[PDB]
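Structure first, then comments.
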Amino acid sequence: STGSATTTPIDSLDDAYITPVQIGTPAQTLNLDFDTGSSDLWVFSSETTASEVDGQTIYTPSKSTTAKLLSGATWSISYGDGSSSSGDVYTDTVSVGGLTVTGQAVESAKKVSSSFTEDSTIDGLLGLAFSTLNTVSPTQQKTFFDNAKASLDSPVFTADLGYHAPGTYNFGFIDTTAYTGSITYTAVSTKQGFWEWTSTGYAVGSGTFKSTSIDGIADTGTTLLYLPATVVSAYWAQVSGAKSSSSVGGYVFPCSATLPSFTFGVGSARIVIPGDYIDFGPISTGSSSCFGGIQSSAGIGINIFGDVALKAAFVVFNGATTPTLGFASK
C-alpha cells in the first residue's frame with residue numbers, strides 16, 4: 001500500500017505545516033502537524049478543557065463507532081518549545097492520503113498549553129520519530145508509520161515541504177519526479193529516538209564550504225534551523241546590521257536586507273537553502289527588524305534541521321531494518 005497527502009503552511013511565514021488526517025468511523029478530518037521530532041499522535045478533542053479550545057477542530061471519540069478506550073492509558077508530552085498537552089487514549093482507524101491503519105493509538109487531549117490554544121490552525125500532532133519516544137503509559141504505543149510499515153510497498157515516508165506553497169507527505173514510495181539529481185543517503189542513530197544524523201559541513205552564500213561534523217535531527221515539527229553558535233555567527237556576520245538580541249531571543253536583522261543562502265552537506269552532496277527561506281518577518285507587527293530563521297542551538301543540547309532546512313530538500317525517512325535518511329535537491 002501507499003498513501004499521499006498534501007501538506008500546507010499554516011500562515012504566510014511557513015511557521016508550521018498541516019496535513020489532513022481522517023480519524024474514526026464515520027471519518028473526522030483533523031489538520032495535524034506531522035512531526036518527525038516526536039512520537040505521539042494526539043488531537044484536540046471533545047474532552048479538551050473548553051477554555052483551551054479556540055477554533056480547532058476536535059475529535060469526538062463517542063461519535064466514532066470504531067473508537068475503543070484504551071483502559072488505564074494516559075499520555076503527557078512536553079516539547080522543546082515549552083508547549084505541552086496531556087490526556088487519555090483511544091484506538092481508532094486513522095487514514096492519511098488513502099493509507100489506513102486500524103487500531104492506531106489516538107491520544108485525546110484533556111489539557112493543552114496556551115500556545116496550542118492560541119494556534120487555531122493545528123488540531124494536533126502526528127508523530128513520526130521512533131516509537132521509543134511515545135509517552136503513553138503504562139503501555140507505550142506505536143506511531144502511525146510504525147503501524148503502517150509492514151503493509152507499505154517500501155518501508156519509507158518522504159517529506160517535500162514547500163516554501164510559501166503546498167507540499168506532500170508520501171508513505172510507501174519515492175516519487176522520483178519530485179527532486180533533481182540523486183538522493184544521497186546518510187546514517188541515522190536512533191539512540192535518542194530521533195532521526196539523528198551528521199551533516200558534513202556548511203557554507204554561507206557563495207563562501208568556502210567548511211567541512212565539520214554537525215550532529216542533529218531531521219525535525220519537521222520545528223520551524224527553524226538550530227545550529228552551533230560558531231556556525232550561526234558565521235552566517236549572520238554576512239548580513240549587514242544583523243545582531244543577536246537578548247530581548248527578542250535570537251538573531252534579528254534589518255527587514256530591508258537580502259539574505260545570503262545557507263548550504264549544508266549530506267555526505268559529499270550539498271543542499272542549498274535560499275536566503276529568502278531564512279526571513280521570518282517582523283519581530284512584532286510594524287517593526288522594521290526581522291527575525292532570523294537560523295538560530296543557535298547552544299541552549300538546546302542538540303542541533304535541529306527544522307523546516308527551514310528540510311523545505312529546501314526532498315527528504316526520505318527510510319525505515320528499513322537499519323534506518324537511514326536521504327536528501328535530494330529539488
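As shown in the C-alpha cells, the chain order sets the letters A, B, ...; within each chain, residues go from 1, and ligands are also counted from 1 in the order they appear.
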Residues within 9 Å of residue A:99, only C-alpha atoms, excluding chain neighbours under 2 positions, as number ranges by chain: A: 1-4, 94-97, 101, 148, 152, 171
Since we have the selection now, will you write its residues out, keeping C-alpha atoms, as a short mmCIF file (atom, residue, chain, number, x, y, z; two decimals), in the first residue's frame?
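After the write, out17.cif holds the following:
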data_model
loop_
_atom_site.label_atom_id
_atom_site.label_comp_id
_atom_site.auth_asym_id
_atom_site.auth_seq_id
_atom_site.Cartn_x
_atom_site.Cartn_y
_atom_site.Cartn_z
CA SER A 1 0.00 0.00 0.00
CA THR A 2 0.91 3.68 -0.21
CA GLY A 3 -0.52 6.99 0.91
CA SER A 4 -0.07 10.56 -0.28
CA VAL A 94 -6.58 6.53 11.08
CA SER A 95 -6.03 7.27 7.40
CA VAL A 96 -3.56 9.58 5.65
CA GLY A 97 -3.96 10.25 1.99
CA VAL A 101 -4.19 1.92 9.96
CA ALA A 148 1.73 1.04 8.62
CA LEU A 152 3.74 -0.35 2.71
CA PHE A 171 4.14 6.90 2.58
#
Given only C-alpha atoms, how would the per-residue table for stretch 224-251 of chain A near stretch 281-302 of chain A read, listing every residue at most 7 Å away with its closest atom pair and distance in Å to one decimal, sorted by chain and number, as JSON lines?
{"residue": "A:224", "atom": "CA", "partner": "A:293", "partner_atom": "CA", "distance": 5.2}
{"residue": "A:225", "atom": "CA", "partner": "A:294", "partner_atom": "CA", "distance": 4.8}
{"residue": "A:226", "atom": "CA", "partner": "A:297", "partner_atom": "CA", "distance": 4.8}
{"residue": "A:227", "atom": "CA", "partner": "A:297", "partner_atom": "CA", "distance": 5.0}
{"residue": "A:228", "atom": "CA", "partner": "A:297", "partner_atom": "CA", "distance": 5.4}
{"residue": "A:229", "atom": "CA", "partner": "A:296", "partner_atom": "CA", "distance": 5.0}
{"residue": "A:232", "atom": "CA", "partner": "A:296", "partner_atom": "CA", "distance": 6.0}
{"residue": "A:250", "atom": "CA", "partner": "A:295", "partner_atom": "CA", "distance": 6.3}
{"residue": "A:251", "atom": "CA", "partner": "A:292", "partner_atom": "CA", "distance": 5.6}
All residues 12 Å or closer to residue A:275, only C-alpha atoms, same chain fewer than 6 positions away omitted, as a ChimeraX atom specification: /A:163,204-206,235-236,238-239,257-263,292-294,308-309,312
Got time to write the residues from that selection, N, CA and C atoms, as an mmCIF file, in the first residue's frame?
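Printed below is part-v1.cif as written:
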data_model
loop_
_atom_site.group_PDB
_atom_site.id
_atom_site.type_symbol
_atom_site.label_atom_id
_atom_site.label_comp_id
_atom_site.auth_asym_id
_atom_site.auth_seq_id
_atom_site.Cartn_x
_atom_site.Cartn_y
_atom_site.Cartn_z
ATOM 1 N N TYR A 163 8.069 26.033 0.166
ATOM 2 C CA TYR A 163 8.289 27.398 0.639
ATOM 3 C C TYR A 163 7.131 28.253 0.146
ATOM 4 N N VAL A 204 28.196 29.603 3.680
ATOM 5 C CA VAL A 204 27.317 30.758 3.764
ATOM 6 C C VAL A 204 27.400 31.471 2.428
ATOM 7 N N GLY A 205 26.250 31.637 1.763
ATOM 8 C CA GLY A 205 26.217 32.281 0.448
ATOM 9 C C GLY A 205 27.165 31.571 -0.511
ATOM 10 N N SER A 206 27.985 32.362 -1.218
ATOM 11 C CA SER A 206 28.949 31.816 -2.175
ATOM 12 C C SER A 206 30.273 31.467 -1.509
ATOM 13 N N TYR A 235 27.136 32.771 9.770
ATOM 14 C CA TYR A 235 26.064 33.146 8.851
ATOM 15 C C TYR A 235 25.658 34.611 9.025
ATOM 16 N N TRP A 236 25.317 35.019 10.259
ATOM 17 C CA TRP A 236 24.757 36.361 10.435
ATOM 18 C C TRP A 236 25.804 37.462 10.277
ATOM 19 N N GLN A 238 27.482 37.788 7.760
ATOM 20 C CA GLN A 238 27.392 38.220 6.377
ATOM 21 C C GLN A 238 26.203 39.133 6.096
ATOM 22 N N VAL A 239 25.407 39.486 7.103
ATOM 23 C CA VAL A 239 24.187 40.258 6.900
ATOM 24 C C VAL A 239 24.398 41.596 7.602
ATOM 25 N N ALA A 257 17.166 43.915 4.378
ATOM 26 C CA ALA A 257 18.295 43.134 3.895
ATOM 27 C C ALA A 257 17.862 42.060 2.900
ATOM 28 N N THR A 258 18.794 41.672 2.020
ATOM 29 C CA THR A 258 18.642 40.484 1.182
ATOM 30 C C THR A 258 19.593 39.451 1.769
ATOM 31 N N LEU A 259 19.053 38.335 2.191
ATOM 32 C CA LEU A 259 19.816 37.349 2.944
ATOM 33 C C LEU A 259 20.621 36.448 2.024
ATOM 34 N N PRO A 260 21.794 36.025 2.469
ATOM 35 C CA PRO A 260 22.543 35.014 1.707
ATOM 36 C C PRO A 260 21.977 33.620 1.938
ATOM 37 N N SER A 261 22.246 32.737 0.977
ATOM 38 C CA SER A 261 21.815 31.370 1.138
ATOM 39 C C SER A 261 22.662 30.650 2.203
ATOM 40 N N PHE A 262 22.210 29.467 2.612
ATOM 41 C CA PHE A 262 22.963 28.633 3.544
ATOM 42 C C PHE A 262 22.994 27.223 2.987
ATOM 43 N N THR A 263 24.187 26.634 2.875
ATOM 44 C CA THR A 263 24.347 25.292 2.309
ATOM 45 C C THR A 263 24.737 24.330 3.421
ATOM 46 N N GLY A 292 15.419 36.048 12.369
ATOM 47 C CA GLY A 292 16.192 35.156 11.523
ATOM 48 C C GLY A 292 15.720 33.718 11.629
ATOM 49 N N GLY A 293 15.900 32.973 10.525
ATOM 50 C CA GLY A 293 15.474 31.581 10.503
ATOM 51 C C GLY A 293 16.559 30.575 10.814
ATOM 52 N N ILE A 294 17.777 31.076 11.039
ATOM 53 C CA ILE A 294 18.900 30.270 11.528
ATOM 54 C C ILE A 294 19.239 30.816 12.907
ATOM 55 N N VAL A 308 13.082 25.082 7.981
ATOM 56 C CA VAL A 308 13.912 25.963 7.149
ATOM 57 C C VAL A 308 14.880 25.139 6.301
ATOM 58 N N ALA A 309 15.499 24.108 6.897
ATOM 59 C CA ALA A 309 16.420 23.268 6.145
ATOM 60 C C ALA A 309 15.650 22.248 5.317
ATOM 61 N N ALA A 312 14.076 22.924 1.854
ATOM 62 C CA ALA A 312 14.960 23.074 0.713
ATOM 63 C C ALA A 312 15.269 21.743 0.055
#
Proximity to residue A:12 - best of A:63, A:149, A:164, A:330, only C-alpha atoms: A:164
Near-residue A:142 list (8 Å; only C-alpha atoms; drop same-chain fewer than 6 positions) as a PDB file with N, CA, C and O atoms, in the first residue's frame:
ATOM      1  N   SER A  39       6.711  11.386  18.809  1.00  0.00           N
ATOM      2  CA  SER A  39       6.167  10.064  18.502  1.00  0.00           C
ATOM      3  C   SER A  39       4.786   9.819  19.065  1.00  0.00           C
ATOM      4  O   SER A  39       4.399   8.646  19.250  1.00  0.00           O
ATOM      5  N   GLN A 104      -4.908   2.275  15.523  1.00  0.00           N
ATOM      6  CA  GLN A 104      -3.918   3.285  15.872  1.00  0.00           C
ATOM      7  C   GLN A 104      -4.276   3.934  17.201  1.00  0.00           C
ATOM      8  O   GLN A 104      -5.429   4.300  17.448  1.00  0.00           O
ATOM      9  N   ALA A 105      -3.257   4.173  18.047  1.00  0.00           N
ATOM     10  CA  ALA A 105      -3.485   4.895  19.293  1.00  0.00           C
ATOM     11  C   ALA A 105      -3.685   6.355  18.940  1.00  0.00           C
ATOM     12  O   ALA A 105      -2.812   6.979  18.315  1.00  0.00           O
ATOM     13  N   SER A 131       9.172   5.010  17.809  1.00  0.00           N
ATOM     14  CA  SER A 131       8.141   4.741  18.811  1.00  0.00           C
ATOM     15  C   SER A 131       8.695   4.637  20.233  1.00  0.00           C
ATOM     16  O   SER A 131       7.930   4.765  21.192  1.00  0.00           O
ATOM     17  N   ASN A 134       7.360   7.380  22.419  1.00  0.00           N
ATOM     18  CA  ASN A 134       5.946   7.595  22.686  1.00  0.00           C
ATOM     19  C   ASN A 134       5.683   7.692  24.186  1.00  0.00           C
ATOM     20  O   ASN A 134       6.244   6.925  24.979  1.00  0.00           O
TER      21      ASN A 134
END
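The neighbours of residue A:170 here are the residues that come within 8 Å of it, using only C-alpha atoms and leaving out any residue fewer than 2 positions away in the same chain; they are residues 2, 3, 4, 5, 157, 158, 159, 168, 172, 173 and 174 of chain A.
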Can you list, as a PDB file with N, CA, C and O atoms, in the first residue's frame, every residue of stretch 59-226 of chain A that DSSP puts in helix (DSSP H, G or I)?
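Dumped everything to states_10.pdb:
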ATOM      1  N   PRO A  61     -14.522  11.025  20.204  1.00  0.00           N
ATOM      2  CA  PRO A  61     -14.491   9.551  20.141  1.00  0.00           C
ATOM      3  C   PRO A  61     -15.864   8.924  20.305  1.00  0.00           C
ATOM      4  O   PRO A  61     -16.130   7.896  19.692  1.00  0.00           O
ATOM      5  N   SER A  62     -16.780   9.568  21.042  1.00  0.00           N
ATOM      6  CA  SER A  62     -18.089   8.961  21.249  1.00  0.00           C
ATOM      7  C   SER A  62     -18.905   8.873  19.965  1.00  0.00           C
ATOM      8  O   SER A  62     -19.868   8.101  19.915  1.00  0.00           O
ATOM      9  N   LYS A  63     -18.542   9.639  18.945  1.00  0.00           N
ATOM     10  CA  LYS A  63     -19.202   9.585  17.648  1.00  0.00           C
ATOM     11  C   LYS A  63     -18.501   8.685  16.665  1.00  0.00           C
ATOM     12  O   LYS A  63     -18.949   8.604  15.519  1.00  0.00           O
ATOM     13  N   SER A 114      -0.924  26.995  26.422  1.00  0.00           N
ATOM     14  CA  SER A 114      -1.552  28.168  25.837  1.00  0.00           C
ATOM     15  C   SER A 114      -1.200  28.299  24.369  1.00  0.00           C
ATOM     16  O   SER A 114      -2.017  28.788  23.589  1.00  0.00           O
ATOM     17  N   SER A 115       0.029  27.918  23.975  1.00  0.00           N
ATOM     18  CA  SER A 115       0.420  28.118  22.583  1.00  0.00           C
ATOM     19  C   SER A 115      -0.399  27.255  21.650  1.00  0.00           C
ATOM     20  O   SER A 115      -0.664  27.664  20.522  1.00  0.00           O
ATOM     21  N   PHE A 116      -0.823  26.072  22.108  1.00  0.00           N
ATOM     22  CA  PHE A 116      -1.696  25.269  21.261  1.00  0.00           C
ATOM     23  C   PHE A 116      -3.072  25.908  21.156  1.00  0.00           C
ATOM     24  O   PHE A 116      -3.623  26.000  20.064  1.00  0.00           O
ATOM     25  N   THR A 117      -3.645  26.350  22.281  1.00  0.00           N
ATOM     26  CA  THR A 117      -4.917  27.082  22.232  1.00  0.00           C
ATOM     27  C   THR A 117      -4.865  28.256  21.270  1.00  0.00           C
ATOM     28  O   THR A 117      -5.830  28.504  20.526  1.00  0.00           O
ATOM     29  N   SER A 131       9.172   5.010  17.809  1.00  0.00           N
ATOM     30  CA  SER A 131       8.141   4.741  18.811  1.00  0.00           C
ATOM     31  C   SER A 131       8.695   4.637  20.233  1.00  0.00           C
ATOM     32  O   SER A 131       7.930   4.765  21.192  1.00  0.00           O
ATOM     33  N   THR A 132      10.007   4.483  20.400  1.00  0.00           N
ATOM     34  CA  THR A 132      10.572   4.515  21.740  1.00  0.00           C
ATOM     35  C   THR A 132      10.328   5.828  22.477  1.00  0.00           C
ATOM     36  O   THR A 132      10.388   5.849  23.700  1.00  0.00           O
ATOM     37  N   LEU A 133      10.040   6.927  21.771  1.00  0.00           N
ATOM     38  CA  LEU A 133       9.708   8.172  22.442  1.00  0.00           C
ATOM     39  C   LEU A 133       8.236   8.320  22.800  1.00  0.00           C
ATOM     40  O   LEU A 133       7.883   9.309  23.447  1.00  0.00           O
ATOM     41  N   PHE A 144       2.015   6.037  13.817  1.00  0.00           N
ATOM     42  CA  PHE A 144       1.296   5.703  12.589  1.00  0.00           C
ATOM     43  C   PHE A 144       2.205   5.012  11.572  1.00  0.00           C
ATOM     44  O   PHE A 144       1.788   4.053  10.905  1.00  0.00           O
ATOM     45  N   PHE A 145       3.415   5.556  11.361  1.00  0.00           N
ATOM     46  CA  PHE A 145       4.341   4.929  10.404  1.00  0.00           C
ATOM     47  C   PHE A 145       4.748   3.530  10.863  1.00  0.00           C
ATOM     48  O   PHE A 145       4.778   2.600  10.063  1.00  0.00           O
ATOM     49  N   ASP A 146       5.035   3.363  12.155  1.00  0.00           N
ATOM     50  CA  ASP A 146       5.412   2.053  12.661  1.00  0.00           C
ATOM     51  C   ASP A 146       4.294   1.037  12.408  1.00  0.00           C
ATOM     52  O   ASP A 146       4.540  -0.095  11.960  1.00  0.00           O
ATOM     53  N   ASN A 147       3.044   1.437  12.671  1.00  0.00           N
ATOM     54  CA  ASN A 147       1.930   0.526  12.407  1.00  0.00           C
ATOM     55  C   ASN A 147       1.743   0.237  10.924  1.00  0.00           C
ATOM     56  O   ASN A 147       1.349  -0.883  10.576  1.00  0.00           O
ATOM     57  N   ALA A 148       1.963   1.243  10.046  1.00  0.00           N
ATOM     58  CA  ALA A 148       1.732   1.044   8.621  1.00  0.00           C
ATOM     59  C   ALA A 148       2.870   0.312   7.930  1.00  0.00           C
ATOM     60  O   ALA A 148       2.648  -0.252   6.851  1.00  0.00           O
ATOM     61  N   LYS A 149       4.077   0.367   8.499  1.00  0.00           N
ATOM     62  CA  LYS A 149       5.306  -0.012   7.798  1.00  0.00           C
ATOM     63  C   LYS A 149       5.191  -1.318   7.041  1.00  0.00           C
ATOM     64  O   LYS A 149       5.558  -1.400   5.861  1.00  0.00           O
ATOM     65  N   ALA A 150       4.743  -2.368   7.732  1.00  0.00           N
ATOM     66  CA  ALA A 150       4.823  -3.710   7.147  1.00  0.00           C
ATOM     67  C   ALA A 150       3.944  -3.829   5.917  1.00  0.00           C
ATOM     68  O   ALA A 150       4.252  -4.620   5.008  1.00  0.00           O
ATOM     69  N   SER A 151       2.871  -3.024   5.845  1.00  0.00           N
ATOM     70  CA  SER A 151       1.951  -3.035   4.717  1.00  0.00           C
ATOM     71  C   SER A 151       2.397  -2.187   3.546  1.00  0.00           C
ATOM     72  O   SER A 151       1.933  -2.426   2.426  1.00  0.00           O
TER      73      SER A 151
END
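For the atom pair formed by atom CA of residue A:188 and atom CA of residue A:103, the distance is 28.4 Å, given to one decimal.
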Exercise: residue A:118 partners within 12 Å, only C-alpha atoms, chain neighbours under 3 positions left out, as a ChimeraX atom specification: /A:51-56,83,112-115,121-123
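Take the candidates A:264, A:110, A:210, A:37 and check each one against residue A:81 using only C-alpha atoms; the shortest distance goes to A:37.
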Nearby residues (only C-alpha atoms) at most 8 Å from residue A:69, same-chain spacing under 3 positions excluded, as an MDAnalysis selection string: chainID A and resid 89:91
Given the selection you just returned, output its residues as a file containing N, CA, C and O atoms, formatted as a compact mmCIF listing (two decimals), in the first residue's frame.
# COMPACT_ATOMS: atom_id res chain seq x y z
N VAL A 89 -6.50 7.93 26.01
CA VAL A 89 -6.08 7.26 24.79
C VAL A 89 -7.21 6.38 24.27
O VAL A 89 -7.78 5.60 25.03
N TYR A 90 -7.51 6.49 22.97
CA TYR A 90 -8.39 5.58 22.26
C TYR A 90 -7.57 4.87 21.19
O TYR A 90 -6.53 5.38 20.76
N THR A 91 -8.02 3.69 20.76
CA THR A 91 -7.57 3.16 19.49
C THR A 91 -8.68 3.40 18.47
O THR A 91 -9.87 3.32 18.81
Among the residues A:306, A:273, A:64, A:279, the one that comes closest to residue A:254 [using only C-alpha atoms]: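 The answer is A:279, which sits nearest to residue A:254.
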